[PDB]
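Examination of the molecular architecture
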Amino acid sequence: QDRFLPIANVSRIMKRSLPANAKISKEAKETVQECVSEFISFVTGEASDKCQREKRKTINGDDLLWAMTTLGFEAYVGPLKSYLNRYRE
Amino acid sequence: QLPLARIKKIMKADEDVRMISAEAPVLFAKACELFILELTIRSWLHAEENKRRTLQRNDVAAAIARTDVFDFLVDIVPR
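In the PDB header, X-ray crystallography is given as the technique by which the entry was determined, and 2.00 Å as its resolution.

Looking at the PDB entry, one finds chain B named Nuclear transcription factor Y subunit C-2, with Oryza sativa Japonica Group as its source organism. The title attached to this entry in the PDB is "Crystal structure of rice histone-fold dimer GHD8/OsNF-YC2".

If you check the PDB entry, chain A appears there as Nuclear transcription factor Y subunit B-11 from Oryza sativa Japonica Group.

**Considerations on the overall build of chain B**
When you go through chain B residue by residue, the secondary structure sums to three helices and two strands. Starting at the N terminus and ending at the C terminus, chain B contains elements arranged as α-β-α-β-α. The globule rule puts the C-alpha radius of gyration for 79 residues at 12 Å, and the 15 Å found for chain B is more than 25% above it. Seen along its three principal axes, the alpha-carbon backbone of chain B occupies a region of about 45 × 25 × 15 Å. In chain B, 23% of the contacts between residues at least 6 apart in sequence involve partners at least 24 apart.

Basis of the calculations
- Residues numbered from 1 in each chain as written, not as in the entry; some residues may be left out.
- Chains lettered and ligands numbered in written order.
- Heavy atoms only, no water.
- Residues with missing side-chain atoms left out of burial classes, pairs and counts.
- Helix = DSSP H or I, 4+ residues; strand = E, 2+ residues; numbered from the N terminus.
- Rg over C-alpha atoms; globule rule 2.2 N^0.38 Å.
- Contact = heavy atoms within 4.5 Å.

Right, here's the structure in full:
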């Protein structure tokens, strides 16, 4: 178990979206943990194609934002773009 | 919230991944948070439809199966 983000960190975020008395089974946590790694690999492949098409060597945050837009995560891109602009300032 | 070094490691498993700006794992950490939150609440809706207060694997599979954005996960988490 090290191809993955740590299970407790993932599960702590899961728990924040639920009622305080919600329970999460260990198999659900493990499932979401695997899904998060697939999310990273999925989005990275797209951003990599972008980075390479434009003859650059380094995946940056704009590459990721473009990748998330292309792959249909438009609901995240606005807030991530604002987050990225503040990190860069 | 999510360790940047591990994100970078998962990123580097990619074919053309090459170099990675420092900002990219940072931005990714936030993106993974948004993804976990959305996947989890969509799964909870299936648990509440089955009259349960425990979120189970089949709830994640159900949410993935009925969400077009999560199409890339349908074979990872089959019902």
